[PDB]
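Participant: Take this structure first; my questions come after.
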Amino acid sequence: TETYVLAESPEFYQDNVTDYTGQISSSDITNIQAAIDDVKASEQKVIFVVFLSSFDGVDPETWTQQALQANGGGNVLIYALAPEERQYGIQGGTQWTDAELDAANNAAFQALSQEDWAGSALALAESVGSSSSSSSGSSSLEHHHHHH
């Protein structure tokens, strides 16, 4: 019974990638989004990538955590990147392990040293997307249509 669910997909989550830089190519933003949705669909984990100009005076890890608090991060992961200052921060919700967060940190960092800012977010998602196995649960949906 390792098949997927037909239709009834989550129509929420308009975007998982927000920029304040305008430096990231729109198509690559969609690529990052696609990588995140794989995690959202298989691991039920919702990642959020924010490309900031800088952190002003909030600090990267502190900024992410606060954004996570306001979001009530259950399955949420806040990733804040400041390309202008080569600094970043990564924090996940209750449904994320310290190991997952670290792997995501190392994943993004690889592209960040290369200054491939968009690739860091993409790699961050891929590090978790690769976890997508044949582990299917007993779940099935249907809008049984009213008649008489």
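Naming works like this for the structure tokens: A, B, ... for the chains as they're shown, residue 1 at the start of each chain, ligands 1 onward in shown order.
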Which neighbours of residue A:47 fall inside 7 Å, counting only C-alpha atoms, when residues of the same chain fewer than 6 positions from it are skipped, and could you give them as a list in words?
Facilitator: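 Listing them by chain and then by number gives residues 16, 36, 76, 77 and 78 of chain A.
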Participant: For residue A:127, work out the shell of residues within 9 Å, counting only C-alpha atoms and skipping chain neighbours fewer than 6 positions away, then give it as a ChimeraX atom specification.
Facilitator: /A:100,103-104,107
Participant: Among chain A, which residues does DSSP mark as helix (DSSP H, G or I) when it is run on the backbone? Keep the chain and numbering as in the structure and answer as an NGL selection string.
Facilitator: :A and (26-42 or 60-71 or 83-85 or 98-113 or 117-129)
Participant: Quick one, how far is atom CA of residue A:3 from atom CA of residue A:126?
Facilitator: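 The value is 21.6 Å.
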Participant: Quick one: pull the distance between atom CA of residue A:119 and atom CA of residue A:55, Å, one decimal.
Facilitator: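 Separation between atom CA of residue A:119 and atom CA of residue A:55: 20.2 Å.
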Participant: Which of chain A counts as strand (DSSP E) under DSSP, as a PyMOL selection string please?
Facilitator: chain A and resi 17-19+46-51+76-82+87-92
Participant: Kindly export the residues of the current selection with N, CA and C atoms, as an mmCIF file, in the first residue's frame.
Facilitator:
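Result went into out.cif, see below:
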```cif
data_model
loop_
_atom_site.group_PDB
_atom_site.id
_atom_site.type_symbol
_atom_site.label_atom_id
_atom_site.label_comp_id
_atom_site.auth_asym_id
_atom_site.auth_seq_id
_atom_site.Cartn_x
_atom_site.Cartn_y
_atom_site.Cartn_z
ATOM 1 N N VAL A 17 9.261 30.864 0.251
ATOM 2 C CA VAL A 17 10.481 31.637 -0.015
ATOM 3 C C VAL A 17 10.160 33.136 -0.184
ATOM 4 N N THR A 18 10.721 33.968 0.693
ATOM 5 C CA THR A 18 10.511 35.424 0.643
ATOM 6 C C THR A 18 11.851 36.171 0.612
ATOM 7 N N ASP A 19 12.009 37.111 -0.320
ATOM 8 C CA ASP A 19 13.265 37.860 -0.442
ATOM 9 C C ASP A 19 13.076 39.362 -0.159
ATOM 10 N N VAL A 46 7.456 21.830 7.029
ATOM 11 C CA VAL A 46 7.329 23.064 6.241
ATOM 12 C C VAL A 46 8.517 24.016 6.472
ATOM 13 N N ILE A 47 9.378 24.137 5.464
ATOM 14 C CA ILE A 47 10.548 25.020 5.537
ATOM 15 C C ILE A 47 10.210 26.438 5.035
ATOM 16 N N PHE A 48 10.891 27.437 5.591
ATOM 17 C CA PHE A 48 10.690 28.846 5.223
ATOM 18 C C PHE A 48 12.033 29.552 4.996
ATOM 19 N N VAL A 49 12.264 30.013 3.772
ATOM 20 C CA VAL A 49 13.521 30.679 3.416
ATOM 21 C C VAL A 49 13.323 32.189 3.211
ATOM 22 N N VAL A 50 13.974 32.991 4.048
ATOM 23 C CA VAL A 50 13.895 34.450 3.948
ATOM 24 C C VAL A 50 15.265 35.065 3.606
ATOM 25 N N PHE A 51 15.373 35.664 2.419
ATOM 26 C CA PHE A 51 16.600 36.363 2.012
ATOM 27 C C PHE A 51 16.577 37.821 2.497
ATOM 28 N N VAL A 76 7.496 23.729 11.320
ATOM 29 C CA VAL A 76 8.094 24.853 10.587
ATOM 30 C C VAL A 76 9.610 24.968 10.818
ATOM 31 N N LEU A 77 10.338 25.379 9.777
ATOM 32 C CA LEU A 77 11.770 25.690 9.890
ATOM 33 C C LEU A 77 12.069 27.073 9.283
ATOM 34 N N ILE A 78 12.515 28.011 10.114
ATOM 35 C CA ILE A 78 12.867 29.361 9.655
ATOM 36 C C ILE A 78 14.355 29.458 9.270
ATOM 37 N N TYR A 79 14.615 29.819 8.017
ATOM 38 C CA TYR A 79 15.978 30.024 7.521
ATOM 39 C C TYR A 79 16.179 31.477 7.065
ATOM 40 N N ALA A 80 16.990 32.224 7.804
ATOM 41 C CA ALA A 80 17.259 33.629 7.480
ATOM 42 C C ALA A 80 18.687 33.813 6.948
ATOM 43 N N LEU A 81 18.808 34.388 5.757
ATOM 44 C CA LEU A 81 20.113 34.582 5.110
ATOM 45 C C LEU A 81 20.354 36.059 4.753
ATOM 46 N N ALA A 82 21.529 36.578 5.102
ATOM 47 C CA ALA A 82 21.919 37.943 4.739
ATOM 48 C C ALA A 82 23.137 37.923 3.804
ATOM 49 N N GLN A 87 26.179 36.284 6.404
ATOM 50 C CA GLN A 87 25.734 35.668 7.671
ATOM 51 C C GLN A 87 24.337 35.041 7.512
ATOM 52 N N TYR A 88 23.993 34.093 8.385
ATOM 53 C CA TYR A 88 22.706 33.386 8.284
ATOM 54 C C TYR A 88 22.284 32.754 9.624
ATOM 55 N N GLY A 89 21.060 32.230 9.665
ATOM 56 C CA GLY A 89 20.553 31.553 10.857
ATOM 57 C C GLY A 89 19.500 30.500 10.523
ATOM 58 N N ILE A 90 19.522 29.367 11.230
ATOM 59 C CA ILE A 90 18.597 28.253 10.951
ATOM 60 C C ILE A 90 17.966 27.693 12.240
ATOM 61 N N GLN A 91 16.630 27.719 12.319
ATOM 62 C CA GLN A 91 15.905 27.180 13.485
ATOM 63 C C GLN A 91 14.622 26.443 13.069
ATOM 64 N N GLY A 92 14.428 25.242 13.617
ATOM 65 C CA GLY A 92 13.248 24.438 13.297
ATOM 66 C C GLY A 92 12.302 24.257 14.479
#
```
Participant: Pick out the residues sitting within 8 Å of stretch 109-113 of chain A, and hand them over as a ChimeraX atom specification; count only C-alpha atoms, and ignore anything fewer than 4 positions along from it in its own chain.
Facilitator: /A:86,105,117,119-120,123
Participant: Quick one: everything within 12 Å of residue A:143, counting only C-alpha atoms, minus sequence neighbours fewer than 5 positions away in the same chain. Send it as a list in words.
Facilitator: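 Listing them by chain and then by number gives residues 6, 7 and 8 of chain A.
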Participant: By how many Å are atom CA of residue A:134 and atom CA of residue A:13 apart?
Facilitator: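 Taking atom CA of residue A:134 as the start and atom CA of residue A:13 as the end point, the length is 24.3 Å.
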